[PDB]
Colleague: 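Mind looking over this structure? Questions follow.
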Protein chains: 2
Amino acid sequence: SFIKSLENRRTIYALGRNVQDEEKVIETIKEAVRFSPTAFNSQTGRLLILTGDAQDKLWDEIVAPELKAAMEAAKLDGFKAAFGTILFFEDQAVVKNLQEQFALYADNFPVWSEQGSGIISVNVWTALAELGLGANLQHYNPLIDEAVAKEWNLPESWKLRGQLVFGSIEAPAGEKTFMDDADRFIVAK
Amino acid sequence: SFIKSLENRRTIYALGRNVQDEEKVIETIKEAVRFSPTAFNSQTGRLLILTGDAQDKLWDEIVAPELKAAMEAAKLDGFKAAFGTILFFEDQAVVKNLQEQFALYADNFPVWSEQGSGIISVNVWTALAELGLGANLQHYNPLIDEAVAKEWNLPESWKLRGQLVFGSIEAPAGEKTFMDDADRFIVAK
Ligand SMILES: Cc1cc2nc3c(=O)[nH]c(=O)nc-3n(C[C@H](O)[C@H](O)[C@H](O)COP(=O)(O)O)c2cc1C
Ligand SMILES: Cc1cc2nc3c(=O)[nH]c(=O)nc-3n(C[C@H](O)[C@H](O)[C@H](O)COP(=O)(O)O)c2cc1C
Ligand SMILES: O=[N+]([O-])c1cc[n+]([O-])c2ccccc12
Ligand SMILES: O=[N+]([O-])c1cc[n+]([O-])c2ccccc12
Ligand SMILES: O=[N+]([O-])c1cc[n+]([O-])c2ccccc12
Ligand SMILES: O=[N+]([O-])c1cc[n+]([O-])c2ccccc12
């Protein structure tokens with residue numbers, strides 16, 4: 001069931017590369033994004049999907065050095081050890097066009113775009129979990145933005161929002177608590 | 001399958017009140033939110049779920065008059081005709097607390113909260129579609145915010161982000177197009 005699918009999606013930090021069918025994984029990532037709703041069907045989400053050598057390169061040659069250079073002013077090995085990383089961007093050129101076409105909603109499009117990024121990120125995350133793969137969501141933007149755009153020749157208009165690290169599950173999700181229903185749901189008739 | 005569940009979720013404007021098991025619907029809405037991820041497990045989403053007399057009141061006594069008063073400075077009947085409306089808020093008190101606790105990420109929490117709102121909105125939307133119910137997402141915020149908070153005695157900290165109108169499907173979804181894969185997915189190794 002759908003609710004079961006949602007419950008199955010969890011943050012998994014212990015990831016490996018025991019992935020049987022990479023093509024199936026790629027297909028599923030694309031489908032999850034494809035069937036995600038966006039304001040005005042604007043489809044502002046953009047993905048860079050890295051595996052193999054590119055996965056090694058992201059973490060060893062971009063994230064690590066950028067992070068070090070920043071801090072000055074382990075975990076990374078665990079991210080690198082995963083099968084791949086899905087970098088989620090929002091296309092600002094489309095956002096700006098929407099703002100120009102529908103001036104009435106100009107202030108709203110950045111908001112709906114952020115919402116869109118969350119939407120496709122978790123739909124992909126949940127779809128991967130259905131395949132039995134784990135993932136965790138990271139935010140090394142904006143530190144790595146320029147290096148990533150240069151290495152993989154991305155349009156300047158792609159604004160990095162998140163990085164979903166994914167692979168085989170090598171240890172179970174941790175414990176998680178939930179709010180009291182009474183504090184977040186009100187039902188009225 | 002999960003991808004099938006995603007594909008089944010569509011914007012349905014023609015909605016009615018042929019809903020067989022309201023309690024099951026409420027349970028499913030709660031579960032979809034419960035099992036949705038949020039930054040720091042902050043669970044900032046808040047829901048006001050209206051049906052029956054409250055559904056009539058929202059659209060006739062709040063949205064209509066506010067909208068008229070604004071414009072001065074049909075569709076509404078179609079929204080009212082639905083079984084209910086799920087109003088999605090983000091709790092700004094929790095957001096502000098996060099900003100204070102983790103000053104390093106202060107600018108990020110509003111962003112992750114917006115992403116969170118998108119996340120729970122579509123998870124609820126998709127869960128309703130699995131039950132065979134249709135829905136559409138509207139944005140009469142911030143116009144109706146104050147009236148809604150007063151009528152249902154909501155905390156000032158609840159910031160309205162969207163209103164998901166839902167009910168029985170009375171006409172099929174319209175046609176929808178998709179981008180070229182090549183323009184939004186890059187795969188590298
Ligand atoms: C963040 C967001 C905001 C949306 N806002 C509205 C809205 O205010 N009014 C409306 O009728 N539809 C709204 N939509 C629905 C989209 O237009 C719709 O999802 C998109 O055209 C894809 O069609 P589908 O929902 O049938 O898949 C919104 C969707 C998203 C994801
Ligand atoms: C918008 C958003 C941003 C998140 N950012 C991070 C992050 O930067 N690093 C991380 O390790 N987890 C991150 N998480 C994961 C959440 O902490 C996690 O989803 C939450 O604690 C619930 O746990 P679960 O994913 O196992 O259900 C993020 C989740 C969401 C929805
Ligand atoms: O009809 N509308 O005004 C409309 C349609 C579709 N989407 O996505 C919208 C999104 C935001 C505001 C109005 C929208
Ligand atoms: O191996 N990791 O990357 C890792 C393990 C455990 N926790 O809690 C983490 C938390 C945040 C980022 C990476 C983590
Ligand atoms: O370990 N972290 O830094 C971490 C854990 C969980 N969430 O949700 C985070 C979210 C944003 C930034 C860092 C996060
Ligand atoms: O009945 N409606 O509310 C309705 C019908 C058709 N479209 O396209 C709509 C579009 C936006 C809002 C309401 C709509």
Side-chain angles (χ1 to χ4, degrees), chain A residues 31-45 88 90 94-95 97-99 101-123 161, chain B residues 3-17 36 45 55 58-60 63-64 67 70-71 74-83 85-90 111 113-130 133-144 160-179 184:
Chain A
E31 287 182 323
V33 176
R34 181 184 194 84
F35 297 130
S36 291
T38 52
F40 287 90
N41 195 32
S42 57
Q43 298 166 74
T44 44
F88 288 89
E90 286 291 308
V94 174
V95 173
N97 284 343
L98 285 167
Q99 290 179 305
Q101 188 175 359
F102 304 105
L104 175 66
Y105 300 118
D107 292 328
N108 306 96
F109 289 114
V111 165
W112 294 328
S113 170
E114 292 287 9
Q115 292 175 359
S117 189
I119 288 166
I120 63 170
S121 296
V122 303
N123 279 342
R161 306 318 293 132
Chain B
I3 293 300
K4 296 298 170 60
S5 294
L6 291 186
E7 187 167 7
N8 284 343
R9 181 222 51 82
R10 295 292 305 282
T11 289
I12 303 294
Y13 290 118
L15 296 173
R17 305 191 171 178
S36 291
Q55 161 72 358
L58 174 60
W59 294 100
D60 278 346
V63 180
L67 193 53
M71 291 184 302
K75 290 201 309 171
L76 295 195
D77 285 331
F79 295 141
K80 177 187 165 190
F83 182 82
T85 302
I86 303 159
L87 296 86
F88 288 89
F89 309 74
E90 286 291 308
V111 165
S113 170
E114 292 287 9
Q115 292 175 359
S117 189
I119 288 166
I120 63 170
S121 296
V122 303
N123 279 342
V124 169
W125 196 346
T126 304
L128 291 169
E130 181 183 57
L133 295 186
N136 62 82
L137 182 64
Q138 297 308 319
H139 293 91
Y140 288 100
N141 51 289
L143 282 54
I144 65 172
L160 186 56
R161 306 318 293 132
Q163 306 87 55
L164 190 69
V165 183
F166 75 97
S168 55
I169 298 179
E170 304 300 332
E175 290 170 4
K176 181 171 69 164
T177 59
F178 303 87
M179 283 183 70
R184 62 167 162 187

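Each ligand, and each atom within it, is numbered from 1 in the order the structure gives. Only this structure's heavy atoms are used, side chains among them; waters, hydrogens and symmetry mates stay out. By convention in this document, chain letters (A, B, ...) are assigned in the order of the sequence lines, proteins followed by strands, and residues within each chain are numbered from 1.
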Colleague: Of all the non-hydrogen atoms in the protein, which one sits nearest to atom 7 (N) of ligand 6, and at what distance?
Modeller: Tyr13(B) CD1, 3.6 Å

Colleague: Look at atom 13 (C) of ligand 6 and say which protein heavy atom is nearest, naming residue and atom and giving the distance to 0.1 Å.
Modeller: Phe79(B) CZ, 3.5 Å

Colleague: Using heavy-atom distances, let me know which of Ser117(B), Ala39(A), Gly118(A), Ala135(B) sits nearest atom 30 (C) of ligand 1.
Modeller: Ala39(A)

Colleague: Judged on heavy-atom distance to atom 29 (C) of ligand 1, which of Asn8(B), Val165(B), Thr38(A) sits nearest?
Modeller: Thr38(A)

Colleague: So if I count the atoms of ligand 1 from 1 in the order they appear, which ones are less than 4.0 Å from some heavy atom of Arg9(B)?
Modeller: 24 (P), 25 (O), 27 (O)

Colleague: Please determine if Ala39(A) has a nitrogen or oxygen closer than 3.5 Å to a nitrogen or oxygen of ligand 3.
Modeller: no

Colleague: For residues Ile12(B) and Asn136(B), report the shortest heavy-atom separation together with the two atoms involved.
Modeller: O-ND2, 3.0 Å

Colleague: State, yes or no, whether a side-chain contact exists between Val63(B) and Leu58(B) at a heavy-atom distance under 4.5 Å.
Modeller: yes

Colleague: If you count the atoms of ligand 1 from 1 in the order shown, which ones are under 4.0 Å from a heavy atom of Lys176(B)?
Modeller: 22 (C), 23 (O), 24 (P), 27 (O)

Colleague: Considering only heavy atoms of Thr11(B), which atoms of ligand 1 have at least one such atom less than 4.0 Å away?
Modeller: 15 (C), 18 (C), 19 (O), 24 (P), 25 (O), 26 (O)

Colleague: Does either side chain, that of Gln99(A) or that of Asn97(A), offer a donor lying less than 3.5 Å from an acceptor on the other one?
Modeller: no

Colleague: Identify the closest protein heavy atom to atom 3 (O) of ligand 3: which residue and atom is it, and at what distance?
Modeller: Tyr105(A) OH, 4.0 Å

Colleague: Could you tell me the residue and atom name of the protein heavy atom closest to atom 3 (C) of ligand 1, and the distance to it rounded to 0.1 Å?
Modeller: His139(B) CE1, 3.3 Å

Colleague: For ligand 1, is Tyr13(B) a contact, meaning one of its heavy atoms is under 4.0 Å away?
Modeller: yes

Colleague: Show the nearest heavy-atom pair for residues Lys80(B) and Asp60(B), with the distance to one decimal.
Modeller: NZ-OD2, 2.7 Å

Colleague: Going by a strict under-4.0 Å cutoff (protein heavy atoms only), does atom 1 (O) of ligand 3 have a neighbour on the protein?
Modeller: no

Colleague: Assess the side chains of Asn123(B) and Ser36(B): does a donor N or O sit below 3.5 Å from an acceptor N or O?
Modeller: yes

Colleague: How close does the nearest protein non-hydrogen atom get to atom 9 (C) of ligand 3, and which residue and atom is it?
Modeller: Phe40(A) CE1, 3.6 Å

Colleague: Please identify which atoms of ligand 1 are closer than 4.0 Å to at least one heavy atom of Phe40(A).
Modeller: 17 (O)

Colleague: So if I apply the side chain to side chain contact (heavy atoms under 4.5 Å, CB included) rule between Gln163(B) and each of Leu137(B), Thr85(B), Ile86(B), which one comes out positive?
Modeller: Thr85(B)

Colleague: Using a 4.5 Å cut-off on heavy atoms from C-beta on, say whether the side chain of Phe79(B) contacts that of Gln138(B).
Modeller: yes

Colleague: Decide whether the shortest distance between a heavy atom of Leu137(B) and an atom of ligand 1 is less than 4.0 Å.
Modeller: yes

Colleague: Ring centroids only, cut at 6.0 angstrom: are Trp125(B) and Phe88(B) within range, meaning strictly under it?
Modeller: no

Colleague: Among the heavy atoms of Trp112(A), does any lie under 4.0 Å from an atom of ligand 3?
Modeller: yes

Colleague: Any side-chain heavy-atom pair from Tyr13(B) and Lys75(B) closer than 4.5 angstrom?
Modeller: no

Colleague: Given that the side chain starts at C-beta and the backbone is N, CA, C, O, which of these parts of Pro37(A) lies under 4.0 Å from ligand 1, counting heavy atoms, or is it both or neither?
Modeller: both

Colleague: Specify the closest pair of heavy atoms between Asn41(A) and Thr177(B), including all atoms of both residues, with the distance to one decimal.
Modeller: ND2-O, 3.1 Å

Colleague: Pull out every atom of ligand 1 sitting under 4.0 Å from any heavy atom of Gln138(B), numbered as shown with elements.
Modeller: 7 (C), 8 (O), 9 (N), 10 (C), 11 (O)

Colleague: Taking side chain as C-beta onward, heavy atoms only, is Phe109(A) less than 4.5 Å from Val94(A)?
Modeller: no

Colleague: Any atoms of ligand 1 less than 4.0 Å from a non-hydrogen atom of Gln115(A)? List them with their elements.
Modeller: 1 (C)

Colleague: Are the side chain of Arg161(A) and the backbone N or O of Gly118(A) linked by a donor-acceptor pair below 3.5 Å?
Modeller: no

